[PDB]
Number of protein chains: 2
Amino acid sequence: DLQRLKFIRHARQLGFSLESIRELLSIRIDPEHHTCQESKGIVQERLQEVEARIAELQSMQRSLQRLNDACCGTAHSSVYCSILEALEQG
Amino acid sequence: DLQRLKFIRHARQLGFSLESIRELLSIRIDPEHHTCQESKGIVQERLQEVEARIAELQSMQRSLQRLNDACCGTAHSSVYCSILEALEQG
Ligand SMILES: [Zn+2]
Ligand SMILES: [Zn+2]
Ligand SMILES: [Zn+2]
Ligand SMILES: [Zn+2]
């Protein structure tokens, strides 16, 4: 029951890079020589990384939604498929 | 100017796996023997993959937002930092 393992798992579940986690463990073991500025910087970095991803994934999701909704999804010959036509224009 | 290269790039920008792209190129080269059901299935699979990711990334973003907002981010000794306390409870 080494408590820092739970700490690490939680940082992991938040998608912190191994390098960021090393920094956090460094702060955790010696708090008297680190500040809120350092720990917050690590969080802001990870937060910006996540928000940028979510944005580029939602862009894809919107395009994928249009592609999905326009196709009939039946035995209709793919010779007429809008999905292939769309991927052609991009 | 081999047009299928543009096709591939567009599928790439949508985050389709290499295997899905192989399937699309197979449909593209021989449309007379494939249907909208096949091409749509490939799109739905990718769409569900993206929506699940966006959901797990937004979960992180919400937690990261709370962590970020609660910390003063100044020289305040990390001995009092809420970020480390939070990562402790998870
Ligand atoms: Zn159709
Ligand atoms: Zn179709
Ligand atoms: Zn503080
Ligand atoms: Zn703090």
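For region B:68-80, backbone phi angles converted through the Karplus equation (6.51, -1.76, 1.60; θ = phi - 60°) give residue-by-residue couplings of 4, 5, 7, 7, 5, x, 9, 6, 2, 3, 5, 5, 10 Hz, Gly and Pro being listed as x.
Counting pairwise Cα distances across chain B, what percent come out greater than 20 angstrom? The calculated P(r) of chain B puts 58 percent of pairs beyond 20 Å. Amide H to amide H distances under 5 Å link A:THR35 with B:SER78, where only residues 5 or more positions off or on other chains count and H is placed in the peptide plane.
About its Cα centre, chain A has a charge dipole of approximately 320 debye under the convention of +1 per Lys or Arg Cβ and -1 per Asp or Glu Cβ, with nothing else charged.
Here A:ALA70 yields copy-to-copy label distances, from shortest upward, of 4.6 nm, the label point defined as 7 Å from Cα along Cα to C-beta. Sorted from nearest, the other copies put their A:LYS6 label points 5.8 nm away, the label point being 7 Å from Cα in the direction of Cβ.
Its residues counted as N, the protein assembly as shown yields a C-alpha radius of gyration over 2.2 N^0.38 Å of 1.43. Relative to the other identical copies, B:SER26 shows label-point distances of 5.0 nm, where the label point lies 7 Å from Cα along the Cβ direction and values run shortest first.
Counted by Cβ distance under 15 Å from A:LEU5, the other residues give a net charge of +4, where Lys and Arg count +1 and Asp and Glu count -1.
Readers should treat all values here as calculations from the given coordinates under stated rules, not as data from a laboratory. For neighbour counting, all protein chains shown are included, and Cβ atoms are generated from backbone atoms with ideal geometry for every residue, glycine included.
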